[PDB]
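# Inside the fold
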Amino acid sequence: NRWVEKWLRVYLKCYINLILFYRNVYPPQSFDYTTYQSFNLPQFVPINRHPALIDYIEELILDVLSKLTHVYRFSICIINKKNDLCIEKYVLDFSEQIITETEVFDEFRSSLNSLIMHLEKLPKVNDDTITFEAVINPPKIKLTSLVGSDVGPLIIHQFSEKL
Amino acid sequence: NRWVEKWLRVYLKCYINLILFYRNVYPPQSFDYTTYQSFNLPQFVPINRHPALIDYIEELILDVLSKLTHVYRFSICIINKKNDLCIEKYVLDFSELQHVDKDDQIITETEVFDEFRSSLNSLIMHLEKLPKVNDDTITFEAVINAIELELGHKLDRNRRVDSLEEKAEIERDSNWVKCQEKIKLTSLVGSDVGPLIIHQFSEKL
Amino acid sequence: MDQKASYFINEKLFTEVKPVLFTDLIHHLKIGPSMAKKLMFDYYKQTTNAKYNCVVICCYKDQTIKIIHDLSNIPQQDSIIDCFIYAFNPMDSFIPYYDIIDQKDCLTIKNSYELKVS
Amino acid sequence: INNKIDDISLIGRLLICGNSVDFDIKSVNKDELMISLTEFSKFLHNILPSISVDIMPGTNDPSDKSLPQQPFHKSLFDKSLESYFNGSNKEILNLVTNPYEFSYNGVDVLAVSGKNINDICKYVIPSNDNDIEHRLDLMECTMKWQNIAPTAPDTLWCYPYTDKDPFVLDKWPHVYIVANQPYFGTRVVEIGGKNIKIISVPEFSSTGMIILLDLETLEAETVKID
Amino acid sequence: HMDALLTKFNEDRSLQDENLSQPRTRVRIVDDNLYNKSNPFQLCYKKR
Amino acid sequence: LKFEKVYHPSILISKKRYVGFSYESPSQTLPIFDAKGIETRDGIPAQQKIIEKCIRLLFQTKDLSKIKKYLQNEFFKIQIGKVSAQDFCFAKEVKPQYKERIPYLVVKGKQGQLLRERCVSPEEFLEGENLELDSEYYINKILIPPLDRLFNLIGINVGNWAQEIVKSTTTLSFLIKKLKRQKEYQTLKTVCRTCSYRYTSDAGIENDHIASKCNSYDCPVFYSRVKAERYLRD
Amino acid sequence: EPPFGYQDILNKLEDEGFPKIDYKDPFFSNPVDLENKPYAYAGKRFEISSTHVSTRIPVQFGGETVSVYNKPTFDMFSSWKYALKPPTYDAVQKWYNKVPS
Ligand code: SF4
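Here's a quick rundown of the structure. (Residues numbered from 1 in each chain as written, not as in the entry; some residues may be left out. Chains lettered and ligands numbered in written order. Part of a larger assembly, values for the part shown. Heavy atoms only, no water.)

### Looking at the interface of chain B and chain G
Basically, it comes down to this: Throughout, a contact is declared for two residues whenever any of their heavy atoms are within 4.5 Å. Note on definitions: buried area is the accessible-area loss of two parts on being combined, 1.4 Å probe, summed for both. What makes a salt bridge here is a side-chain nitrogen of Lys or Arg within 4 Å of a carboxyl oxygen of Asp or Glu, nothing more. Nitrogen and oxygen atoms within 3.5 Å of one another constitute a polar contact, given that in protein one can donate a hydrogen and the other can accept it, and given that sequence-neighbouring residues count only through two side-chain atoms.
In this assembly, 52 residues from chain B lie in contact with 35 residues from chain G. Summed over both sides, the interface of chain B with chain G buries roughly 4100 Å², with 59% coming from carbon and sulfur. The largest share of the area that chain B buries against chain G comes from B:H50, B:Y56 and B:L149, three residues that together contribute 14% of it. Where chain B touches chain G, the interface holds one salt bridge. Close ionic contact of G:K81 with B:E141 constitutes a salt bridge, the shortest N to O distance being 2.5 Å. Inspection of the chain B/chain G interface yields 15 residue pairs in polar contact.

Here is the structure:
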């Protein structure tokens with residue numbers, strides 16, 4: 001907690017929405033990438049417009065940040081067939097009196113810009129035949145890390161092991 | 001002034017697109033040596049025409065020149081497709097600018113173009129003297145080490161916008177994001193003309 | 001023993017890197033083109049870790065005047081008399097920029113009709 | 001650059017013929033026209049202390065795109081070189097047209113920038129073909145009949161031709177200059193009137209083949225600039 | 001290379017035996033064409 | 001009941017007012033424009049062409065700032081004076097009967113605002129503002145066909161765009177402008193002699209006079225050559 | 001985290017009453033147009049949107065969109081990177097392959 005909760009919860013909800021669009025768990029043109037901005041960013045922010053599913057992920061990120069205080073290594077795996085290894089492990093490592101609101105709000109841009117740098121630079125294996133599943137701990141896997149959160153109090157290692 | 005950021009725009013056009021040429025991030029057959037991309041170039045700089053890409057380049061330069069006193073160091077970052085790790089960080093400077101002072105003196109068009117031609121030719125020299133292995137699979141991104149900035153909040157605070165100039169300005173603060181913040185570093189000869197101190201170096205990995 | 005030229009070439013080569021093509025030598029010294037060939041040969045003879053070599057024009061002509069880019073080859077100039085060495089280049093390519101230079105001191109061959117202010 | 005030293009002895013007063021700056025009209029604007037024109041000013045003010053020059057526009061450099069074409073003063077030059085034509089009236093440089101009768105006390109020679117015969121040689125020719133030795137004789141023909149070669153001649157809103165000035169004139173020269181061919185061609189032919197040497201100086205991107213002309217025993221000498 | 005040796009061989013022209021602050025002017029060019037005729041091909045001043 | 005080439009969007013002001021991107025099969029792409037029945041008469045072609053391009057732009061990518069820059073460009077074309085001059089050709093029923101397609105070309109405007117509705121001569125050889133004008137009746141007659149047909153249902157005022165645009169080395173510049181329209185006029189002469197080749201056998205030198213004496217009331221290069229030769233008298 | 005369905009999400013969007021697949025309101029890319037107010041429309045409201053980032057409503061987390069609503073603070077050493085995706089090697093390569101074709 002301690003005032004990083006609001007921007008962390010919107011950061012994970014927008015991170016889930018961007019994963020849902022750019023790795024097409026749902027149909028890609030089943031979104032609205034037009035009228036929503038997450039932070040002060042140029043790029044499209046494609047949230048599913050489904051009210052029951054935005055409430056579903058609303059409760060998902062709200063309950064994982066409810067259990068934030070003793071949360072373990074966070075990840076999201078996209079599964080349709082046997083892979084059995086984590087795809088996108090945005091590891092929420094709990095730190096701890098630093099007053100960082102503006103700087104962390106800027107920091108979630110670069111986390112999400114590392115996300116889109118992983119997203120638009122990403123190949124295409126199969127259309128719509130996949131389903132995500134949030135999980136806390138495709139012939140061959142590949143390792144890729146993204147930016148950290150050193151300006152933020154909590155550090156996020158933001159690993160994304162694709163396939 | 002007015003003429004001095006035109007010179008800065010041309011110098012950054014030459015610097016940026018020459019780094020793009022010598023890293024082979026775009027195919028060399030699209031490049032041709034030239035003097036005219038919307039202005040007068042000091043040297044013959046290999047420029048691919050590709051009007052989306054040159055729109056992007058003059059876009060980025062008009063973004064960096066829009067602040068013009070927060071920036072003490074413009075730079076170019078080099079990122080592989082393979083990893084986000086920096087391959088090269090080409091250093092540039094906006095230190096002790098004429099424009100912040102807004103001094104009318106001195107123009108010295110041939111002398112400033114002389115020192116610009118020197119710094120360009122140094123950029124040529126230390127861009128051929130590193131070798132060519134894995135000549136494809138390289139990309140481009142910008143970085144600015146600046147002394148005192150934050151503009152990205154200007155999208156917020158329920159502002160009501162009416163003019164195209166500040167539409168551009170909101171695009172300037174929208175396009176820029178603060179990142180989270182060494183292995184080798186090589187020397188480059190900078191321009192040492194009076195009002196335009198551009199102390200430009202290079203970094204390797 | 002004319003090292004008075006050589007350090008002046010050394011700044012323009014090194015402290016900034018704009019190439020000399022000819023005209024800096026004639027501006028600095030007003031020596032002869034044969035003597036400029038001797039001077040550039042001396043700079044080539046007393047080269048210590050040139051970043052890259054120059055290429056010469058060839059004095060042997062045979063109704064041809066060609067900048068040598070087949071450096072090992074002898075491009076139609078087999079029974080060669082001589083070469084005039086110039087265009088020492090840091091870069092990949094030999095391009096200078098071209099500028100007005102002082103010539104009233106430096107003009108080897110003047111005008112058949114000398115210009116009048118009138 | 002010296003032939004030790006006779007090249008300077010043979011060389012006279014500089015003669016360009018057309019093609020002062022290559023550009024295409026639909027892609028050009030103000031400042032890229034002055035970039036190439038001021039670098040032409042750099043070249044001409046560089047060579048003007050050494051060799052005096054005679055300059056002529058007319059095919060792709062700015063012109064009327066006609067054979068009688070007004071040569072454009074004060075645009076080819078920077079301020080360093082601009083005041084020389086004011087200072088010296090026609091001696092070291094003057095603006096001359098696509099044809100000009102350069103007369104060395106009666107050695108009259110004619111210039112053509114090349115477009116006048118190059119449109120006939122490549123652009124508008126479906127017939128009369130039995131390629132330097134073919135195209136060399138097209139301007140021999142155009143010399144012989146003194147006739148309408150091109151497709152848009154004399155191209156003036158006021159005073160095109162007042163029964164004194166044919167674009168390919170009636171007074172014959174001793175040498176005609178035509179330009180911008182693929183290869184070099186230099187023969188001499190004698191007619192019943194006079195003797196005429198054929199000059200086809202090639203376009204500079206087609207290997208140059210740059211030529212001495214005349215006036216000692218009426219003899220021409222090319223040199224390969226590539 | 002031996003291209004430089006050719007320059008080493010050709011030491012006969014130290015300075016070409018020119019004074020080199022003397023310009024040897026070459027041509028007595030006449031150019032009778034320039035002043036005392038109208039050029040027919042040229043424009044009309046009233047037209048311009 | 002056939003399927004017959006449904007439309008992705010559709011402008012729907014009136015009865016017999018179709019316009020959409022029709023396309024018969026899913027395998028097709030670049031869907032065919034449909035201009036059947038449509039309300040969008042004399043039918044002066046520029047209104048039809050700008051309405052077609054506007055719908056093509058609004059319908060291929062669904063965006064309106066490109067419509068803004070296109071309409072502003074067209075108002076510069078009328079205002080500054082780059083006019084193809086086939087853009088406005090009215091014709092009264094003043095002499096079934098075909099004593100029609102009379103010479104009446106109101107793009108000319110009025111020098112002194114003196115002749116009432118008498119922009120009549122389609123080849124009137126004079127200077128700039130008697131070939132193009134900004135504040136007149138036909139600027140209203142060109143701002144209504146976008147607004148009534150398309151911009152009503154979307155609410156954006158193209159009249160506000162017209163109101164926003166209605167108010168808002170040099171000898172070398174004149175020289176290079178003369179070069180620009182000299183090469184343009186020579187290109188028009190090239191087009192005209194290649195058009196007029198059908199009346200010569202193969203000759204090309206007499207092609208220039210027959211090219212200059214072609215007079216159609218309706219040809220998409222002829223009026224540009226008319227104003228080209230309007231320029232050369234200056 | 002048991003998800004919702006697989007392709008029947010579109011049917012569910014039809015089921016509460018939304019469009020099954022949204023077709024976009026034509027939008028101003030340049031915000032200096034719309035006469036800089038969405039209130040500029042006809043007798044009835046059309047509320048024409050904008051894909052540019054100045055005129056975007058935020059992501060509506062729950063029932064509230066959130067900004068910091070506070071003072072941005074200047075930093076002394078800070079590297080700022082550019083967020084537009086550049087034209088790739090592949091884009092310029094296919095564009096120069098398109099020039100002969
Ligand atoms: S103006 Fe006349 S001759 Fe020229 S293309 Fe049109 S119809 Fe043919």
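Still more to cover.
### What to know about the pairing of strand β2 (residues 40-48) of chain B
Residues and elements named next belong to chain B. The condition that has to hold: Accessibility here uses a 1.4 Å probe with only protein chains present; expressed as a share of the type maximum, an area under 20% marks a residue as buried, one over 50% as exposed, and anything in between as partly exposed. Strands are runs of DSSP state E lasting at least two residues, helices are runs of H or I lasting at least four, and both sets are numbered from the N terminus onward. By this definition, two strands are paired if DSSP reports at least two bridges between them.
When you tally the buried positions in β2, you get seven out of nine residues, the bulk of the element. Where strand β1 (residues 31-36) meets β2, five bridges bridge the pair, whose relative direction is antiparallel. Bridge pairing links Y33 to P46 in β2. In this antiparallel pair of consecutive strands, β1 and β2, the connection spans three residues, and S38 shows a positive phi of 75°.

### Quick look at helix α2 (residues 65-79) of chain F
Residues and elements named next belong to chain F. Convention followed: The span you would expect from a helix comes to 1.5 Å times its residue count less one. As used here, the arc is the angular range of directions from the helix axis to the C-beta atoms.
With 15 residues, α2 should reach 21 Å at 1.5 Å per residue; the first-to-last C-alpha distance of 20 Å fits that figure. Every buried residue belonging to α2 is among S65, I67, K68, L71, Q72, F75 and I78, and all of these are buried. Taken end-on, α2 shows its buried residues confined to a sector of 150°, consistent with a single buried face. At its buried positions, α2 is contacted by α1 (45-60), α3 (137-154) and α4 (158-167). Looking one or two residues past α2, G81 carries a phi angle of roughly 130°, positive in sign.

### Quick word on the interface of chain F and chain D
Contacts between the two partners involve 17 residues from chain F and, on the opposite side, 21 residues from chain D. In total, about 1800 Å² of surface goes out of reach between chain F and chain D, with carbon and sulfur atoms giving 63% of it. On the chain F side of the contact with chain D, F:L172, F:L179 and F:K183 bury the most area, a combined 28% of that side's loss. Summed over the shared surface of chain F and chain D, the result is zero salt bridges. The tally of links from chain F across to chain D stands at three residue pairs in polar contact.

### Describing the environment of A:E101
Residue and element names in this part refer to chain A. Here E101 is to be found in the loop between β3 (88-89) and α3 (102-119). Judged by its relative accessible area of 25%, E101 is partly exposed. Setting aside residues no more than four positions away along its own chain, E101 makes contact with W3, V4 and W7.

### What to know about the side chain of C:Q103
Its location among the elements puts C:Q103 in the segment after β2 (83-84). What makes C:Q103 buried here is its relative accessible area of 14%. When near neighbours in sequence (up to four residues on either side) are disregarded, C:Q103 contacts D:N46 and D:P49.

### Structural notes on helix α2 (residues 51-64) of chain A
The terminal C-alpha atoms of α2(A), which comprises 14 residues, lie 20 Å apart, in line with the 20 Å expected from a rise of 1.5 Å per residue. Listing the buried residues of α2(A) in full gives A:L53, A:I54, A:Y56, A:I57, A:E58, A:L60, A:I61 and A:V64.

### Here we look at the site of the ligand
Residues and elements named next belong to chain F. As a reminder of what qualifies: It suffices for a single heavy atom of a residue to lie within 4 Å of a molecule or strand for the residue to be listed as near it.
What surrounds the ligand is the set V191, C192, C195, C214, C219, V221, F222 and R225. Listed by contribution, the elements that provide at least two residues to the shell around the ligand are α5 (170-195) and α7 (222-231). Counting residues per element, the shell around the ligand draws most heavily on α5, at three residues.

### Side note on unusual backbone geometry
Trans peptide bonds make up most of the peptide bonds, and negative phi angles are found at most residues other than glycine. Omega for the bond connecting B:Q105 with B:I106 falls within 30 degrees of zero, at -15°, which places this linkage in the cis form. Considering the arrangement of structural elements, one finds B:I106 in the loop between α3 (98-101) and α4 (109-128). Backbone torsion omega between D:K4 and D:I5 reads 5°, so that peptide bond is classified as cis. Along the chain, the position of D:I5 falls in the segment before α1 (6-10). Here the phi dihedral of C:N49 falls at roughly 50°; this positive angle occurs in a residue that is not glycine. Along the chain, C:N49 turns up in the loop between α3 (33-45) and β1 (57-58). What makes C:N49 exposed here is its relative accessible area of 73%.

### Quick notes on the pattern of salt bridges
What the rule picks out here adds up to 28 salt bridges over all chains. Close ionic contact of B:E88 with B:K204 constitutes a salt bridge, the shortest N to O distance being 3.9 Å. With relative accessibility at 3%, the residue B:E88 sits in the buried group. Take B:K204: its relative accessible area is 27%, and that puts it in the partly exposed class. Among the ionic pairs, F:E52 bridges to F:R56, the shortest N-O distance being 2.7 Å. Placement of the pair is F:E52 and F:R56 together in helix α1, with a separation of four residues, close to one helical turn. Among the residues examined, F:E52 registers a relative accessible area of 12% and is labelled buried. The class for F:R56 is partly exposed, based on a relative accessible area of 25%. Through salt bridges with shared partners, a single ionic network connects B:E59, B:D63 and B:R172.

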